[PDB]
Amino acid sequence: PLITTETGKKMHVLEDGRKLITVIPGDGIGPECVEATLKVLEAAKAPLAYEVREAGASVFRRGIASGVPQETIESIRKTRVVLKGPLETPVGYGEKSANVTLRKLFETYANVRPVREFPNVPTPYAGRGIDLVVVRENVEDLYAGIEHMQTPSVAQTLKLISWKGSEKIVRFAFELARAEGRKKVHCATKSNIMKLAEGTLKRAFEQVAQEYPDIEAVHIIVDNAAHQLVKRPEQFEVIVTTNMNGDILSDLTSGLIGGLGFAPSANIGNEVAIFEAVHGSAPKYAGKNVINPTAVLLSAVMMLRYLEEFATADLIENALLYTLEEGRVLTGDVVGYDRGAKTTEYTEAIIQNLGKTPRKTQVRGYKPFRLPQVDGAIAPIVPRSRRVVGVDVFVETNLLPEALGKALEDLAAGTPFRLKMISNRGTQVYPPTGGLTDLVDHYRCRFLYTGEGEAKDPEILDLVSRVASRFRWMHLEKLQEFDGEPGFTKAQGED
């Protein structure tokens, strides 16, 4: 049956004591990396039972667009613990990422990506003591993939950041820092540009920080953060950032200690945990028996510790590290593909080293920590007052700014709305600015309410119908104020 440990984690413990997990082979190199891992697990006599289910490209090919079949959802709800190989996501077309789907379907909001130097895995940073962890928000931001072609030639993607999601991820980061003996957490954002969206993470970071006076909270702008991560990565311990930023920074850090073949990760939520490598399906290596399975193996190790199977975790992790320390069986990504050991040979070596322990690089098994509960989360605040002050109407037209401006002022005449300004790609173009801005066939037209109280729905739709009598609109955004503060930004160049 499924049980809840004292740490609050959910896991399926079989009568014989073994823990049942869902295993997803994946696409490309996936199966090879997972196959290798399962062999090492069995050799180490890991107390596990396996429910193999599919996800990714193989499922897209069955005509299931989400790439996550019902049997796999059923299995994950049964086990609450998953070890998956990479899943292939078509580039530029096709189905949405099944990797993102798994995380969002099961609220595994935290993506933990630790990086450390490895024995006989040389990098220009060897000896600097790089030991940091990137805590990537895992379920919102841009990667949700909510897109709409505003016009035939203008595409739009929504970036959504919530207080709820930001509060969760920053709290997780602090708890993680406090659980690994780290006394500092960096929050990387682009809040100087996205004051509302990225600023939500910055503000959640600052408010939750007050509860962890034992940890130093430092905010850093994401670009300078990338620069610092390359120039002096040893200054970082824990870095928490939004989904997209985290995707790039975590891959940046992996290149500091050997590459993606050595980057494991854990997708953690309160109800489910998904362990997988940070790397992809890597189609050019699939089936060639040359791929490095270290990343997936180390992920299984993270899974073992999560499962409280610390002994097996140390055993497997020691074997791997011992194998690296000796430096006799190294994969192509470390010694070139003209010399690199085969995947199966690498596996066999590690297995042959089960029971052996490295002298230098050893297992740094931190202490488990209870995940923050919803009842202790900082709930979003309900404004004391709020009002709809206008509406942004997006239109598709090639009419020049000045003419569009006069046309809309005429259409709004008689309504309780006035055209305040018009922007193109976010740049004010009406009133004119004296600039030389090039224009696309998409314009955002800001109308402000001029009456008493607030703009009511009927009035807004009436304004939109008037605009529609001549122009094609495709996107509407209400402009609201919450506690006297506008819940929207000005255009670039707008005074």
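We number the residues from 1 along the sequence you see.
Stretches 61 to 69 and 450 to 458 differ in mean CA B factor, with 450 to 458 having the higher one.
As listed in the deposited structure, the average C-alpha B-factor of 251 to 259 and of 360 to 368 is greater for 360 to 368. The PDB entry assigns its highest CA temperature factor, among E54, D27, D441, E42, to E42.
Note on the listed residues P90, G340, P416, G390: the highest Cα temperature factor in the record is that of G340. When all modelled residues of the chain are sorted by CA temperature factor, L20 is found within the middle third. The deposited CA B-factor of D141 belongs to the lowest third of values across its chain. Per the PDB record, residue ranking by Cα B-factor puts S385 in the middle third of the chain. In the deposited entry, the Cα temperature factor of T37 places it in the highest third of its chain's modelled residues. Split the chain's modelled residues into thirds by C-alpha temperature factor. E348 is in the highest one.
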